[PDB]
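Residue numbers (UniProt numbering), protein chains in the order written: chain A, 13 to 77, 79 to 186, 191 to 375; chain B, 13 to 77, 79 to 186, 191 to 375. Below is one structure, written out as structure tokens; comments come after it.
There are 2 protein chains.
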Amino acid sequence: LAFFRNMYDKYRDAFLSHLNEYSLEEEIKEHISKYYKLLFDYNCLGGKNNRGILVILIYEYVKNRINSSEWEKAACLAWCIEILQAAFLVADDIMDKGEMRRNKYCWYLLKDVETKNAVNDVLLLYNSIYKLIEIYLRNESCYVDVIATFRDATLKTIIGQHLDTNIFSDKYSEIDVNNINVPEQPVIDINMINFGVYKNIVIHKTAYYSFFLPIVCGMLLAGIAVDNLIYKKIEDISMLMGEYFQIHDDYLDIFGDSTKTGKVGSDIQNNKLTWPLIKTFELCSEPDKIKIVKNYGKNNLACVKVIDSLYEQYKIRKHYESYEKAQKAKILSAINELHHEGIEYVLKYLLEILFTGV
Amino acid sequence: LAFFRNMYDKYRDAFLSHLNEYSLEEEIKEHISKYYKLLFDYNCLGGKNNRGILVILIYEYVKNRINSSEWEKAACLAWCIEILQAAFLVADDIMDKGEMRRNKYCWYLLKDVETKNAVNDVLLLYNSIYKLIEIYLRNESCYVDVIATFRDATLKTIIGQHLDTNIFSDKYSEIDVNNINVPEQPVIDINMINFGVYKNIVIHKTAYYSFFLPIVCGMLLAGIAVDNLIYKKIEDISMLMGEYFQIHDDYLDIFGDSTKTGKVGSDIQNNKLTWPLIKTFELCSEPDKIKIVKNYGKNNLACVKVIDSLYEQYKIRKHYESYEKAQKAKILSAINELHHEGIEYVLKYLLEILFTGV
Ligand SMILES: CCCCCCCCCCOc1cncc(CC(P(=O)(O)O)P(=O)(O)O)c1
Ligand SMILES: CCCCCCCCCCOc1cncc(CC(P(=O)(O)O)P(=O)(O)O)c1
Ligand SMILES: [Mg+2]
Ligand SMILES: [Mg+2]
Ligand SMILES: [Mg+2]
Ligand SMILES: [Mg+2]
Ligand SMILES: [Mg+2]
Ligand SMILES: [Mg+2]
Numbered sequence: 013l014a015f016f017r018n019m020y021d022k023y024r025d026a027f028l029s030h031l032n033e034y035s036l037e038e039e040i041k042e043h044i045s046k047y048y049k050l051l052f053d054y055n056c057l058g059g060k061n062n063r064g065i066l067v068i069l070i071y072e073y074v075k076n077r079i080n081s082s083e084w085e086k087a088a089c090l091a092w093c094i095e096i097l098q099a100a101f102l103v104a105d106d107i108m109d110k111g112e113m114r115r116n117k118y119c120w121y122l123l124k125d126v127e128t129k130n131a132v133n134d135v136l137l138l139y140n141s142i143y144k145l146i147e148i149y150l151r152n153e154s155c156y157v158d159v160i161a162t163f164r165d166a167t168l169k170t171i172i173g174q175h176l177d178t179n180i181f182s183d184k185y186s191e192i193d194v195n196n197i198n199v200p201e202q203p204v205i206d207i208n209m210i211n212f213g214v215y216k217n218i219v220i221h222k223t224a225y226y227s228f229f230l231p232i233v234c235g236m237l238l239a240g241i242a243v244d245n246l247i248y249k250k251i252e253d254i255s256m257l258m259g260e261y262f263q264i265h266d267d268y269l270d271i272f273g274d275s276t277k278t279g280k281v282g283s284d285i286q287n288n289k290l291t292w293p294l295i296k297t298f299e300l301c302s303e304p305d306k307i308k309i310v311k312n313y314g315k316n317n318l319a320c321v322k323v324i325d326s327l328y329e330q331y332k333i334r335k336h337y338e339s340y341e342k343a344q345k346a347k348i349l350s351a352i353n354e355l356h357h358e359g360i361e362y363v364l365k366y367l368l369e370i371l372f373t374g375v
Numbered sequence: 013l014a015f016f017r018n019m020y021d022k023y024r025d026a027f028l029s030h031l032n033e034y035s036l037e038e039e040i041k042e043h044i045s046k047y048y049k050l051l052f053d054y055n056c057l058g059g060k061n062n063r064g065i066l067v068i069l070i071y072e073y074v075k076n077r079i080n081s082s083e084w085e086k087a088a089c090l091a092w093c094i095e096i097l098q099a100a101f102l103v104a105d106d107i108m109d110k111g112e113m114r115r116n117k118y119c120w121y122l123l124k125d126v127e128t129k130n131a132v133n134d135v136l137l138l139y140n141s142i143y144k145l146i147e148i149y150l151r152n153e154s155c156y157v158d159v160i161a162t163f164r165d166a167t168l169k170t171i172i173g174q175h176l177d178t179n180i181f182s183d184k185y186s191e192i193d194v195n196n197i198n199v200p201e202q203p204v205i206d207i208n209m210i211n212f213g214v215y216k217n218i219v220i221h222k223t224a225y226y227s228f229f230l231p232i233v234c235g236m237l238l239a240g241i242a243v244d245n246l247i248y249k250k251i252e253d254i255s256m257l258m259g260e261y262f263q264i265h266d267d268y269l270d271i272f273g274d275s276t277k278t279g280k281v282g283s284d285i286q287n288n289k290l291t292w293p294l295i296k297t298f299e300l301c302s303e304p305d306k307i308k309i310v311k312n313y314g315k316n317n318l319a320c321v322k323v324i325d326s327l328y329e330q331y332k333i334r335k336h337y338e339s340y341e342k343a344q345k346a347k348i349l350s351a352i353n354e355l356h357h358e359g360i361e362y363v364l365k366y367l368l369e370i371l372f373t374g375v
């Protein structure tokens, strides 16, 4: 619980210790270690760690208490999720052309790193996960299923980003394998602006790895049978939380202090299907849909200001407040159908600190 | 090459079929399918497939013959290696700023793709491997070890590229987390120009995934005990072949026909530690080391020509011929110490078609 934040060095060093036994000259081993120590420290730390904590809490309250050897396996899984998060955020910042993350410059922007290194380093963080899982859970019975869950959550997240990045592109309105020169100028597509499509995306890009994966890890580790019907109930609660979480992420993109959120809002300029876009479209007048189509997705201050002002005009802040209230209720209703008092507590607890933390 | 080249569609479609069962609207499922079918087709096909073939041949000759159900598991592992190769090459081309690969434009250059998609797609190809391995070998006893081998070969390759890309950088002569502005202009470092360091790199970036991984897969699948002392003999032969193979790759970078190799030589402009660089440095005069340092790593045709002409002047073509002859001998000497006539045949056979194919 507090156990968690202090176990970081243990797992970081376990992994770095694997690197250190490679057949490399000694000057090179030292340099590798400096680099990969910074990679982990810079990218895994400084987060709210809600996904990691969720593995730890699910583990405790699924059981009747847990020795400090069993805790070591729990916290390992917990840091793996936080490393997965690190890997994804490094990648997302390359794809979304990010500036700031957790209040510092994005990894890929550092001049001793650059994109060439950033990409390589994503795949390293990602694989570190499974090396760590092998070190601490090779001999557990859930081993194969735990690595199977990380794998299948990751795949859903990958398709998730794929749609996040491409739902408005010419591709989706045959792929031209001879064009390496003429870039499409980003333009929204009206057919795609609807909650149905938005849910598909947000569920795949967020719900599985942020909520399903950590919940299922804890349970798997605590001995709960994979075949059990509680998993399909957990999957549906995970879908609702992810929707709830991502829409909040989208709200912060427009209305959050970039010093408080740690990052800079870019959804409009990057042509993203976001909840405020969809809500404004279902509420606004025809003259304003034209105004939306001719200003969205353009990396141009005056165009962005048009869209932000429409969001002020159509009182989107008030509409969010209203959504947050209704969804929180749909979610609590789903939690109370689990009939498991421990998980129910953890999920209610999570639902409260989802935006604060700690 | 018979069974193998025709089983592609089977494994491609298995995986695409997994994607198609995701909870997505039907118009999106169709678009996903077009895209991911092209991703596989465009990037897995058109290679010499030497690593795939090596899994198949090791599998046959380790045994006394194999039903078409057991062949299905073999060819699966074989295509997984070729998919791994595909994933790596898509990545390498982003990192090395590639133009052409297997005689077509690099994936990341296509305008419907771009880097943002290329990166996402690498992680998808990579994860497709383990999904496929689960489909066809979940119930085999070597399952856990086979996925353990892919994982540990990939890690070595990642550190391999890391050194390939960074051996000459200021990092390696402390990383500044506040510099996003002053990009270092690439310049060689004299201390690093030596075979010792070169071996470290080429072994990690090539030897493990191109030779050790496919050999060890076949053996694992054929029931050979993981603990056996034949594996450490196989590892050392793998190091010698990888050195042999990569040096040839480096030679082709300057002296190969870009229509025959399918790619454009870029080692000099990208500031790479290559075998010809090291050999020229061992042989050349001080006025030419200055000439090397001034012109290497600059993305400029006239600078590259200066270095190419030094490579002509110092008769590097003849020096390669000489290396190829001695190493081929060191390799055959190692093969003959295996005391296993089947593997010995496959490895001798591989050694011959390593540059032609088929
Ligand atoms: C092999 C290298 C390829 C690996 C790439 C795997 C793709 C997974 C990364 C994307 O997954 C994400 C899911 N939800 C959230 C984010 C954060 C951002 P947003 O969702 O773009 O709004 P933000 O925090 O800036 O608002 C990222
Ligand atoms: C997270 C996304 C990145 C995932 C990390 C995977 C990086 C591993 C790439 C290793 O790639 C290669 C290994 N050996 C050989 C080559 C031949 C190339 P080069 O000579 O090394 O440029 P070529 O001459 O064929 O162009 C490539
Ligand atoms: Mg994004
Ligand atoms: Mg983003
Ligand atoms: Mg956002
Ligand atoms: Mg390279
Ligand atoms: Mg290259
Ligand atoms: Mg090369």
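C-beta: ideal position from N, C-alpha, C; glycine also.
Beta-bridge pairing of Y118 (chain A) - partner residues as DSSP gives them: Looking at the DSSP assignment, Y118 (chain A) forms a beta bridge with A:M113.
Residue interval of the alpha helix (DSSP H) (run including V363 (chain B)): Going by DSSP, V363 (chain B) is part of the alpha helix (DSSP H) stretching over 358-370.
Inside the segment 267-304 of chain A only - alpha helix (DSSP H) runs reaching at least 4 residues: If only uninterrupted alpha helix (DSSP H) runs of at least 4 residues are considered, those enclosed by the segment 267-304 of chain A are 275-278, 292-300.
Neighbour flag for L145 (chain A) against chain B, beta carbons, 7 Å: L145 (chain A) does not count as touching chain B.
Proximity of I232 (chain A) and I251 (chain A) at Cβ, strictly below 7 Å: Annotated as proximal: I232 (chain A) and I251 (chain A), with beta-carbon spacing under 7 Å.
Nearest residue (CA-CA) to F163 (chain B), options B:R151, B:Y185, B:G173, B:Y143: Considering only B:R151, B:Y185, B:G173, B:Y143, the residue with the shortest C-alpha distance to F163 (chain B) is B:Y143.
9 Å Cβ cut-off: residues of chain A touching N116 (chain B): The premise fails here: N116 (chain B) is roughly 13 Å from chain A at the closest Cβ pair, so nothing lies under 9 Å.
The segment 291-306 of chain A: positions lying closer than 8 Å to chain B by Cβ: Hits within the stretch: zero.
Cβ pair count under 8 Å reaching 3, the segment 86-102 of chain A against the segment 128-140 of chain A: Touching, yes, given that three or more Cβ pairs across the two stretches are closer than 8 Å.
Any non-hydrogen atom of ligand 8 closer than 6 Å to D270 (chain B) Cβ: At least one heavy atom of ligand 8 falls within 6 Å of the beta-carbon of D270 (chain B).
Any non-hydrogen atom of ligand 1 within 6 Å of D165 (chain A) CB: No, the beta carbon of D165 (chain A) sits no closer than 6 Å to any heavy atom of ligand 1.
heavy atom of ligand 1 below 6 Å from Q344 (chain A) C-beta: Incorrect: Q344 (chain A) has no Cβ contact closer than 6 Å to ligand 1.
Whether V310 (chain B) touches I205 (chain B) by CB criterion (7 Å): Yes.
Rounded Cβ spacing between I348 (chain A) and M258 (chain A) (contact assumed at less than 8 Å): Your pair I348 (chain A) and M258 (chain A) checks out as a contact, with CB atoms roughly 6 Å apart and the cut at 8 Å.
Whole-angstrom distance between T170 (chain A) and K332 (chain B), CA atom to CA atom: When only Cα atoms are considered, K332 (chain B) and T170 (chain A) end up about 52 Å apart.
Buried versus exposed, by CB contacts within 10 Å (16 or more), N217 (chain A): Buried: at least 16 other Cβ atoms inside 10 Å.
Where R164 (chain A) sits in the DSSP three-state scheme: Three-state DSSP puts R164 (chain A) in a helix.
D105 (chain A) Cβ short of 6 Å to ligand 4 heavy atom set: Yes; taking the cut-off as 6 Å, the Cβ of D105 (chain A) has a heavy atom of ligand 4 nearer than that.
Near-chain B residues of the segment 92-116 of chain A (beta-carbon distance less than 7 Å), N- to C-terminal order: Answer set for the segment 92-116 of chain A: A104, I107, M108.
Exposure of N152 (chain A), with buried meaning 16 or more beta-carbon neighbours within 10 Å: Its Cβ having fewer than 16 others within 10 Å, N152 (chain A) is exposed.
Cβ-based contacts, 9 Å cut-off: residues of the segment 134-163 of chain B near chain A: Near chain A, meaning a CB-to-CB distance below 9 Å, the residues of the segment 134-163 of chain B are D134, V135, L136, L137, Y139, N140, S141, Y143, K144, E147, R151, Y156, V157, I160, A161.
Neighbour-count burial assignment, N198 (chain B), 16 or more Cβ in a 10 Å radius: Exposed: under 16 other Cβ atoms inside 10 Å.
Test item: CB-CB of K110 (chain B) and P200 (chain A) under 7 Å: For the 7 Å CB-CB criterion, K110 (chain B) and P200 (chain A) do not form a contact.
Closer than 6 Å: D109 (chain B) CB and nearest ligand 7 heavy atom: Relative to the non-hydrogen atoms of ligand 7, the Cβ of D109 (chain B) comes within a distance shorter than 6 Å of at least one.
Within-7 Å CB hit, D125 (chain B) to chain A: Chain A, which has a Cβ nearer than 7 Å to the Cβ of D125 (chain B), makes this yes.
Proximity winner among A:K41, A:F27, A:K60, relative to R17 (chain A) (alpha-carbon distances): Comparing alpha-carbon positions, the option among A:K41, A:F27, A:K60 lying closest to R17 (chain A) turns out to be A:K60.
Nearest-angstrom Cα separation, counted from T276 (chain A) out to residue 377 (chain A): Residue 377 (chain A) is absent from the structure shown; chain A starts at 13 and stops at 375.
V214 (chain A) Cβ short of 6 Å to ligand 1 heavy atom set: The answer is no for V214 (chain A).
Beta-carbon separation (whole angstroms), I180 (chain A) vs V214 (chain B), contact threshold 8 Å: Not a contact, Cβ separation roughly 46 Å.
Selection from A:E338, A:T291, A:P293, A:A161 that minimises the alpha carbon distance to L230 (chain A): Cα-wise, what sits closest to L230 (chain A) is A:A161.
Proximal residues to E361 (chain A) (C-beta, below 8 Å), its chain only, five neighbours per side dropped: Cβ neighbours of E361 (chain A) within its own chain (closer than 8 Å, five residues either side excluded): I352, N353, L355.
Cβ shell of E112 (chain A) (< 7 Å), same chain only, five flanking positions each side left out: Here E112 (chain A) has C119, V281 as same chain residues with Cβ atoms under 7 Å from its own Cβ, once five neighbours each way along the sequence are excluded.
Closer than 6 Å: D266 (chain A) CB and nearest ligand 5 heavy atom: Placement of the Cβ of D266 (chain A) at a distance of less than 6 Å from at least one heavy atom of ligand 5 is found.
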